[PDB]
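The data below hold one chain only, encoded as C-alpha cells and taken in the form deposited in one PDB entry.
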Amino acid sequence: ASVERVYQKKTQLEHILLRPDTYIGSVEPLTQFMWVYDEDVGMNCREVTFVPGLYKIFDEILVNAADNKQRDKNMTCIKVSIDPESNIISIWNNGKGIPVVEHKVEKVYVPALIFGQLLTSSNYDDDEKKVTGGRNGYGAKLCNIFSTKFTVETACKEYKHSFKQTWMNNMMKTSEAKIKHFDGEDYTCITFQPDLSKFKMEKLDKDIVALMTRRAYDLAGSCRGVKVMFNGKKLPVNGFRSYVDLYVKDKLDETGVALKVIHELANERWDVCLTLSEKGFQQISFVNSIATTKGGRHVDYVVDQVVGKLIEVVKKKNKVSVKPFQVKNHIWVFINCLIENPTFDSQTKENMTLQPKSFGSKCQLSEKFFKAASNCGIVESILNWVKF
C-alpha cells in the first residue's frame, strides 16, 4: 500500500456514511429487553430486535417537532404517520413554520440551509438559555443522509409563503424548491423514506414500528401542552402522570400487592414518579423530550436525594451497614425534566452530562414526597435484608 492509500482524508459527508456510529448509533441489529408499544398488547417490556441508527433518524425528526414548542408556545399538536408498506414516515407539527426567505449570508432559502447543509442550527447561541433538545446542528441532515427520499414542507404566514423541497439518494440529489403564496395556519411536515439498505433491512418490521410508536407516547407524556396523534388517532395520554400509568397502573410486586406509585411535580421543569423495583435499579427519563436511555446527571440528582432520605429512614430502624447501591437496587424512577443548554457525550443523546449547578432550576423534593417514598416498599425490602 502506498502512502496515499494508507493515509486518507475524508469529507464530513463521507465520514458520516463510513462512521455512522458516532452520529446515529449502530447500523447493525441489536437485541435489547426494553419497552415498546405493540399492536396486540400496548405498552409492554420484551426483547426487541432493531437497528439503533434507524430509531435515531426518526427520533431526530420527532424531537425537532417537540422543539418547535419552544419557538412558538402556541403550538398544540404533533402528528406521526408510519406506513411500512410504502416505507413512508411523516412527522407534522403546528405552530410557527420556518421563515420562507433567502438567508442573506448563506444565499439559500432558510429551510434548504438547515435541512440540507451540515452544522446548521438555531441552537448555537447559548446566551439564550433554551430547553430545546437540539444542540448540534446535525439531526435533520442525518435523517436526510440516511433516507432515499426526504421532503421538507413548511408554511410561514409571517413571510406569506410556503416551501416544499425534496432530497433523494442520501441527500446527494435535490431540485428547485416550490415556493407558493401562503396565508393560512403555519405548519411543518417532514416526510421521509428511510434507506433500509443502510440498516440491512427489507422493511419497517413490527419491532421498529413498536419502538417508534412508543416514542410518540413518550412525547405525549413529556411535551407539555402538545397533543400527539399516531396514524390518525389521538394518543390518550395527557401529561406525565398518565404516561407513567402505562407502566405501573396494572403491576403487582412479587408478593401480589399493587405497586405504590408516588408523584411530585416539584416545579414546571421537574416531574418525578417513584415506585419499588424488584429487578434492580430502573430509570425512565426524558430531558427536553429526549429519551435519556443511559441516564445522566439529572437521574443521579433525583435518585441521590431519595437514597439519602431512605438511608435515614432505614437507620432509624437498623440498630448493619446499608450502602447506597443497595437502596438504588430497589428504585424504579420516572423523570421528565427541562434543562437549559444540556450537554451529552454523543449525538444520540442517551446520557446527559451537564452538572446540576448548570441546570437552570432545582428539583428539591418535598418532605411529603419523602414520607410517601418511605411507604412504597423500598424501606421494607431493605429492612428485610438487614436480617441477612
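Heads up, when I say rigid core I mean the largest set of C-alphas that superpose within 1.5 Å between the two forms. In this text, residue numbers run from 1 along the sequence as written.
The protein also exists as the form deposited in another entry; that form is not presented, and the subsequent description refers to it.
Just one residue from the list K130, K96, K141, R297 crosses the 2 Å line for C-alpha shift between the shown form and the other one on a rigid core fit, and it is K130. When the rigid core is held fixed, the Cα atom of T11 travels 2 angstroms or more between the shown form and the other one. Relative to the superposed rigid core, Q347 undergoes a CA displacement of at least 2 Å between the shown form and the other one.
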